[PDB]
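Notes to accompany the following structure.
Number of protein chains: 2
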Amino acid sequence: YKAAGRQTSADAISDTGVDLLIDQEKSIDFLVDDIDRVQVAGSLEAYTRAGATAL
Amino acid sequence: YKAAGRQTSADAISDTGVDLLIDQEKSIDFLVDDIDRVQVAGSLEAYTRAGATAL
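Those protein sequences? They're chains C and D, same order as listed.
Mapped onto PDB author numbering, the consecutive letters of the first sequence carry residue numbers 56 to 110.
Mapped onto PDB author numbering, the consecutive letters of the second sequence carry residue numbers 56 to 110.
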């Protein structure tokens, strides 16, 4: 202020910014063959849990 | 799913496995002479416990 005489004049305010993009689209897609569902020794439900864990 | 256009096609599920073999067959086989069983200073039962402990 002392170097500017004793003068002050107002400045214009300004902003920065960044973008968060919802740009990831990922999928799980698989077959439970219904011949295999009959022939296997027990339940195949575990592959649905493995798919959720993989995502 | 985004690099694939917006397409998805199903996979075959697949498994892993291991087999446990009941292939070990071990024995103990011994004689107690029935002159000795009488002539010795005490019980010979300890030889049965030795045999069980060895298996």
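Beta carbons: idealized from backbone N, C-alpha and C, even for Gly.
Give a yes or no on whether the C-beta atoms belonging to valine 87 (chain D) and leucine 75 (chain D) are separated by under 7 Å.
no
So who's on the other strand from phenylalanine 85 (chain D), going by DSSP bridges?
According to DSSP, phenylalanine 85 (chain D) bridges with nothing at all.
Against chain C, with Cβ distances strictly below 7 Å, would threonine 71 (chain D) count as a contact?
Nearest CB-CB separation between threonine 71 (chain D) and chain C: not below the 7 Å threshold.
Please report the distance separating the alpha-carbon of residue 25 (chain C) from that of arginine 61 (chain D).
Outside the shown range of chain C, which is 56 to 110, sits residue 25 (chain C), and nothing can be said about it.
Beta-carbon proximity of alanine 65 (chain D) to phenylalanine 85 (chain C), cut-off 7 Å
Between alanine 65 (chain D) and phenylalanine 85 (chain C), the C-beta gap is smaller than 7 Å, which places the two residues in contact.
Among C:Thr103, C:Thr108 and C:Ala96, nearest to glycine 72 (chain D) - alpha-carbon criterion
C:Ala96
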